[PDB]
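Peer 1: Data: structure.pdb, PDB, C-alpha atoms and all ligand atoms.
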```pdb
ATOM      1  CA  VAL A   3       0.000   0.000   0.000
ATOM      2  CA  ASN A   4       1.220   3.496  -0.923
ATOM      3  CA  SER A   5      -0.142   7.051  -0.751
ATOM      4  CA  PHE A   6      -0.997   7.575  -4.452
ATOM      5  CA  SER A   7      -4.665   8.536  -4.875
ATOM      6  CA  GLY A   8      -7.196   8.700  -7.701
ATOM      7  CA  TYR A   9      -5.238   6.750 -10.332
ATOM      8  CA  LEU A  10      -6.790   4.516 -12.968
ATOM      9  CA  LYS A  11      -5.174   1.061 -13.046
ATOM     10  CA  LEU A  12      -4.035   0.098 -16.544
ATOM     11  CA  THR A  13      -2.067  -3.088 -15.779
ATOM     12  CA  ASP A  14      -0.657  -4.987 -12.824
ATOM     13  CA  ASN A  15       1.990  -2.282 -12.299
ATOM     14  CA  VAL A  16       1.032   0.832 -14.357
ATOM     15  CA  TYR A  17      -1.397   3.509 -13.140
ATOM     16  CA  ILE A  18      -2.449   6.811 -14.766
ATOM     17  CA  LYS A  19      -4.051  10.115 -13.715
ATOM     18  CA  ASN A  20      -4.758  13.594 -15.136
ATOM     19  CA  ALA A  21      -2.550  15.619 -12.790
ATOM     20  CA  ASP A  22       0.218  18.220 -12.500
ATOM     21  CA  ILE A  23       3.351  16.269 -11.564
ATOM     22  CA  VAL A  24       4.648  19.230  -9.542
ATOM     23  CA  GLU A  25       1.525  19.350  -7.382
ATOM     24  CA  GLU A  26       1.416  15.552  -7.171
ATOM     25  CA  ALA A  27       5.027  15.351  -5.979
ATOM     26  CA  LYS A  28       4.479  18.002  -3.302
ATOM     27  CA  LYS A  29       1.466  16.082  -1.974
ATOM     28  CA  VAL A  30       2.854  12.539  -2.074
ATOM     29  CA  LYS A  31       6.557  13.327  -1.561
ATOM     30  CA  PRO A  32       7.330  10.064  -3.372
ATOM     31  CA  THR A  33      10.590   8.211  -3.064
ATOM     32  CA  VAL A  34      11.303   8.872  -6.760
ATOM     33  CA  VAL A  35       9.970  11.527  -9.108
ATOM     34  CA  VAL A  36      11.031  11.190 -12.743
ATOM     35  CA  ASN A  37      12.138  14.280 -14.646
ATOM     36  CA  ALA A  38      11.808  14.542 -18.426
ATOM     37  CA  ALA A  39      15.420  15.675 -18.739
ATOM     38  CA  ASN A  40      17.775  16.463 -21.596
ATOM     39  CA  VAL A  41      21.401  15.335 -21.782
ATOM     40  CA  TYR A  42      22.660  18.681 -20.435
ATOM     41  CA  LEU A  43      20.202  18.731 -17.512
ATOM     42  CA  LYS A  44      19.072  22.191 -18.666
ATOM     43  CA  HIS A  45      15.613  22.369 -17.112
ATOM     44  CA  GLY A  46      14.054  25.094 -19.205
ATOM     45  CA  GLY A  47      10.528  24.030 -20.090
ATOM     46  CA  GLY A  48       8.030  21.231 -19.987
ATOM     47  CA  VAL A  49       8.079  18.973 -16.945
ATOM     48  CA  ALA A  50      11.738  19.803 -16.315
ATOM     49  CA  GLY A  51      11.208  23.552 -16.217
ATOM     50  CA  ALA A  52       8.191  23.102 -13.942
ATOM     51  CA  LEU A  53       9.951  20.753 -11.510
ATOM     52  CA  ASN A  54      12.998  23.003 -11.378
ATOM     53  CA  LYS A  55      10.870  26.104 -10.732
ATOM     54  CA  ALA A  56       9.193  24.293  -7.830
ATOM     55  CA  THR A  57      12.663  23.719  -6.289
ATOM     56  CA  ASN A  58      13.478  27.444  -6.496
ATOM     57  CA  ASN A  59      16.237  26.567  -9.041
ATOM     58  CA  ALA A  60      18.042  24.216  -6.628
ATOM     59  CA  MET A  61      17.557  21.367  -9.111
ATOM     60  CA  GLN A  62      19.361  23.404 -11.785
ATOM     61  CA  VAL A  63      22.243  24.326  -9.449
ATOM     62  CA  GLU A  64      22.743  20.669  -8.503
ATOM     63  CA  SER A  65      22.438  19.625 -12.145
ATOM     64  CA  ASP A  66      25.068  22.111 -13.329
ATOM     65  CA  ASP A  67      27.543  20.656 -10.841
ATOM     66  CA  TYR A  68      26.649  17.132 -12.009
ATOM     67  CA  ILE A  69      27.341  18.041 -15.652
ATOM     68  CA  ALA A  70      30.562  19.881 -14.811
ATOM     69  CA  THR A  71      31.837  16.696 -13.140
ATOM     70  CA  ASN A  72      30.393  13.969 -15.366
ATOM     71  CA  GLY A  73      29.524  15.468 -18.747
ATOM     72  CA  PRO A  74      26.210  15.024 -20.550
ATOM     73  CA  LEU A  75      23.914  12.060 -20.206
ATOM     74  CA  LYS A  76      23.157   9.733 -23.110
ATOM     75  CA  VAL A  77      19.813   9.844 -24.893
ATOM     76  CA  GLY A  78      18.032   6.898 -23.281
ATOM     77  CA  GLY A  79      20.098   7.309 -20.107
ATOM     78  CA  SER A  80      19.498   8.642 -16.627
ATOM     79  CA  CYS A  81      21.018   9.805 -13.385
ATOM     80  CA  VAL A  82      19.754   9.903  -9.799
ATOM     81  CA  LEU A  83      19.956  13.291  -8.086
ATOM     82  CA  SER A  84      18.193  14.885  -5.136
ATOM     83  CA  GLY A  85      14.434  15.267  -5.127
ATOM     84  CA  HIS A  86      14.805  18.543  -3.191
ATOM     85  CA  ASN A  87      11.442  19.586  -1.686
ATOM     86  CA  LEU A  88       9.483  17.350  -4.090
ATOM     87  CA  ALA A  89      10.662  13.769  -3.467
ATOM     88  CA  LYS A  90      13.501  11.866  -1.872
ATOM     89  CA  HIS A  91      15.200  11.404  -5.259
ATOM     90  CA  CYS A  92      14.762  12.683  -8.782
ATOM     91  CA  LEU A  93      15.500  10.225 -11.582
ATOM     92  CA  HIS A  94      16.448  12.412 -14.557
ATOM     93  CA  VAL A  95      15.618  10.344 -17.650
ATOM     94  CA  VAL A  96      16.395  11.426 -21.208
ATOM     95  CA  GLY A  97      13.824  10.279 -23.724
ATOM     96  CA  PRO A  98      14.498  10.946 -27.398
ATOM     97  CA  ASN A  99      13.425  14.414 -28.541
ATOM     98  CA  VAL A 100      11.744  14.064 -31.935
ATOM     99  CA  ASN A 101      12.019  17.827 -32.431
ATOM    100  CA  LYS A 102      15.811  17.247 -32.452
ATOM    101  CA  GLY A 103      15.700  14.257 -34.822
ATOM    102  CA  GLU A 104      16.468  11.634 -32.170
ATOM    103  CA  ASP A 105      15.667   7.948 -32.624
ATOM    104  CA  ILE A 106      12.262   7.071 -31.154
ATOM    105  CA  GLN A 107      13.583   3.522 -30.659
ATOM    106  CA  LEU A 108      15.557   4.936 -27.713
ATOM    107  CA  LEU A 109      12.282   5.464 -25.835
ATOM    108  CA  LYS A 110      12.334   1.843 -24.681
ATOM    109  CA  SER A 111      15.883   2.285 -23.347
ATOM    110  CA  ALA A 112      14.729   5.413 -21.512
ATOM    111  CA  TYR A 113      11.870   3.566 -19.794
ATOM    112  CA  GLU A 114      14.211   0.702 -18.797
ATOM    113  CA  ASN A 115      15.764   3.093 -16.273
ATOM    114  CA  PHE A 116      12.498   2.946 -14.310
ATOM    115  CA  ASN A 117      13.094  -0.747 -13.543
ATOM    116  CA  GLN A 118      15.889   0.191 -11.138
ATOM    117  CA  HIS A 119      13.277   1.694  -8.770
ATOM    118  CA  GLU A 120      10.439  -0.155  -7.069
ATOM    119  CA  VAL A 121       7.931   2.746  -7.227
ATOM    120  CA  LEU A 122       8.015   5.976  -9.254
ATOM    121  CA  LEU A 123       5.913   9.043 -10.018
ATOM    122  CA  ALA A 124       6.577   9.892 -13.651
ATOM    123  CA  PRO A 125       5.478  11.731 -16.791
ATOM    124  CA  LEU A 126       5.114  10.089 -20.170
ATOM    125  CA  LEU A 127       8.594  10.117 -21.663
ATOM    126  CA  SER A 128       9.136  11.958 -24.950
ATOM    127  CA  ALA A 129       5.586  13.399 -24.784
ATOM    128  CA  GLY A 130       4.800  17.104 -24.645
ATOM    129  CA  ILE A 131       7.535  19.319 -26.068
ATOM    130  CA  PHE A 132       9.698  16.259 -26.841
ATOM    131  CA  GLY A 133       7.382  15.689 -29.811
ATOM    132  CA  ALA A 134       6.627  11.955 -29.690
ATOM    133  CA  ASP A 135       3.182  10.374 -29.867
ATOM    134  CA  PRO A 136       1.921  10.017 -26.264
ATOM    135  CA  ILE A 137      -0.190   6.972 -27.134
ATOM    136  CA  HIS A 138       3.066   5.377 -28.251
ATOM    137  CA  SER A 139       4.864   6.527 -25.106
ATOM    138  CA  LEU A 140       2.210   4.946 -22.878
ATOM    139  CA  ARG A 141       2.403   1.696 -24.848
ATOM    140  CA  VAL A 142       6.195   1.546 -24.519
ATOM    141  CA  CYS A 143       5.883   2.306 -20.803
ATOM    142  CA  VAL A 144       3.421  -0.538 -20.221
ATOM    143  CA  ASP A 145       5.513  -2.960 -22.285
ATOM    144  CA  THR A 146       8.857  -1.996 -20.679
ATOM    145  CA  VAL A 147       8.412  -0.941 -17.051
ATOM    146  CA  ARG A 148       7.911  -3.814 -14.610
ATOM    147  CA  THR A 149       8.119  -1.790 -11.394
ATOM    148  CA  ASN A 150       5.192   0.241 -10.064
ATOM    149  CA  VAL A 151       4.757   3.450 -12.044
ATOM    150  CA  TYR A 152       2.256   6.237 -11.357
ATOM    151  CA  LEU A 153       1.892   8.376 -14.474
ATOM    152  CA  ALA A 154       0.794  12.007 -14.264
ATOM    153  CA  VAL A 155      -0.628  13.383 -17.529
ATOM    154  CA  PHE A 156      -0.959  17.165 -17.149
ATOM    155  CA  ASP A 157      -3.434  17.727 -19.994
ATOM    156  CA  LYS A 158      -6.990  16.594 -19.231
ATOM    157  CA  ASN A 159      -7.958  16.159 -22.886
ATOM    158  CA  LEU A 160      -4.897  14.026 -23.689
ATOM    159  CA  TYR A 161      -5.518  11.870 -20.619
ATOM    160  CA  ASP A 162      -9.016  10.985 -21.841
ATOM    161  CA  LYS A 163      -7.607   9.957 -25.235
ATOM    162  CA  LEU A 164      -4.932   7.722 -23.669
ATOM    163  CA  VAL A 165      -7.480   5.961 -21.454
ATOM    164  CA  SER A 166     -10.133   5.475 -24.132
ATOM    165  CA  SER A 167      -7.574   4.232 -26.667
ATOM    166  CA  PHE A 168      -5.675   2.054 -24.199
ATOM    167  CA  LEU A 169      -5.501  -1.558 -25.305
TER     168      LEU A 169
HETATM  169  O1  LIG A 201       4.526  14.163 -21.725
HETATM  170  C1  LIG A 201       4.745  15.006 -20.618
HETATM  171  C2  LIG A 201       4.166  16.435 -20.984
HETATM  172  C3  LIG A 201       2.665  16.301 -21.599
HETATM  173  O2  LIG A 201       1.887  17.508 -21.337
HETATM  174  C4  LIG A 201       1.958  18.599 -22.282
HETATM  175  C5  LIG A 201       0.818  18.504 -23.389
HETATM  176  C6  LIG A 201       0.191  19.670 -23.906
HETATM  177  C7  LIG A 201      -0.818  19.584 -24.896
HETATM  178  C8  LIG A 201      -1.230  18.332 -25.391
HETATM  179  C9  LIG A 201      -0.625  17.164 -24.893
HETATM  180  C10 LIG A 201       0.393  17.253 -23.905
HETATM  181  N1  LIG A 201       4.179  17.392 -19.811
HETATM  182  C11 LIG A 201       3.790  17.221 -18.442
HETATM  183  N2  LIG A 201       3.277  16.049 -17.927
HETATM  184  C12 LIG A 201       2.938  15.978 -16.576
HETATM  185  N3  LIG A 201       3.053  16.959 -15.657
HETATM  186  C13 LIG A 201       3.570  18.116 -16.170
HETATM  187  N4  LIG A 201       3.817  19.276 -15.512
HETATM  188  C14 LIG A 201       4.329  20.250 -16.292
HETATM  189  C15 LIG A 201       4.449  19.723 -17.578
HETATM  190  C16 LIG A 201       3.964  18.340 -17.540
HETATM  191 CL    CL A 202       5.933  19.017 -21.943
END
```
As a first step, turn the structure in this file into structure tokens.
Ligand SMILES: OC[C@@H](COCc1ccccc1)Nc1ncnc2[nH]ccc12
Ligand SMILES: [Cl-]

Peer 2:
Amino acid sequence: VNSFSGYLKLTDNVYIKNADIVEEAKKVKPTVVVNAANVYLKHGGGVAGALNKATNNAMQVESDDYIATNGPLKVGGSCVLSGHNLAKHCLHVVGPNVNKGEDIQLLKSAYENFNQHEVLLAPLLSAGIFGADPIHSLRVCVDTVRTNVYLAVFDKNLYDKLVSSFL
């Protein structure tokens, strides 16, 4: 039993809700919140910009030190950093950005990072400003993640389409 509330159950381990991941994280304070990161951990917009804003830019300051030490992430890769005031940890995961010409096949690799954590609050990877089809992202999530994932879909209209079209 966990403290996630109001989610629709899609499979044994995947759940979904129309919610703002920032507000969800503040309420639940989950062990792991997933950020929709880029390889430079530059949290400018989308989920990343919103999560960073909620940390009063502390996520960005920590991220800049991470990059200065380690260099950029790989597309499909991840790193674990602090969750600041939002969660214990933030798993920064880089899905492919179609608006940069990146290989959508890397979306499965991106979701594989979730399997290193027993329970996660997460957005749909490569959705939103990353330009991939969210119906596809949800399908890859369900077919790749085996740990317990609670998906927050910010847009109410898109949420209804994902549910009604879910196979
Ligand atoms: O795939 C993740 C994207 C999808 O939403 C954007 C969108 C706009 C119009 C139509 C479809 C989709 N972003 C988020 N998801 C959850 N919580 C969030 N908080 C702030 C951003 C954000
Ligand atoms: Cl977005």

Peer 1: Looking at A:106, A:43, A:36, A:165, which one is nearest to ligand LIG 201 (chain A), with distances taken over only C-alpha atoms and all ligand atoms?

Peer 2: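 Nearest to ligand LIG 201 (chain A): A:36.
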
Peer 1: Which residues would end up in the selection if the PyMOL selection byres (((not hetatm)) within 9 of (chain A and resi 201)) were applied here, given that I need the answer as a PyMOL selection string?

Peer 2: chain A and resi 20-26+38+47-53+124-134+136+139+153-161

Peer 1: Do you know which residues are at most 8 Å from stretch 145-150 of chain A counting all atoms listed in the file, after dropping those on the same chain fewer than 3 positions away, and could you put them as a PyMOL selection string?

Peer 2: chain A and resi 15-17+110+113-114+116-117+119-122+141-142

Peer 1: Point out the residue among A:39, A:61, A:12, A:92 with the least atom-to-atom distance to ligand CL 202 (chain A), counting all atoms listed in the file.

Peer 2: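 Ranking A:39, A:61, A:12, A:92 by distance to ligand CL 202 (chain A), first place goes to A:39.
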
Peer 1: For the atom pair atom CA of residue A:67 and atom CA of residue A:107, what is the interatomic distance in Å to one decimal place?

Peer 2: 29.7 Å

Peer 1: If we count all atoms listed in the file and set the cut-off at 10 Å, which residues sit around residue A:4, ignoring sequence neighbours fewer than 3 positions away in its own chain? Please answer as an MDAnalysis selection string.

Peer 2: chainID A and resid 7 30 32 121

Peer 1: Using all atoms of stretch 32-45 of chain A listed in the file and a margin of 5 Å per side, can you give the axis-aligned box centre and edge lengths in Å to one decimal, as lines of an AutoDock Vina configuration file?

Peer 2:
```
center_x = 15.0
center_y = 15.3
center_z = -12.4
size_x = 25.3
size_y = 24.2
size_z = 28.7
```

Peer 1: Of the residues A:144, A:151, A:56, A:18, which is the one nearest to residue A:87, using all atoms listed in the file?

Peer 2: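 Nearest to residue A:87: A:56.
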
Peer 1: Smallest atom-to-atom distance to residue A:85: which of A:33, A:59, A:167, A:111, using all atoms listed in the file?

Peer 2: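 Nearest to residue A:85: A:33.
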
Peer 1: Hey, can you check how far atom CA of residue A:76 sits from atom CA of residue A:41?

Peer 2: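 Between these atoms lies a distance of 6.0 Å.
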
Peer 1: Between atom CA of residue A:8 and atom CA of residue A:84, what is the distance, to one decimal in Å?

Peer 2: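 Separating atom CA of residue A:8 from atom CA of residue A:84 is a distance of 26.3 Å.
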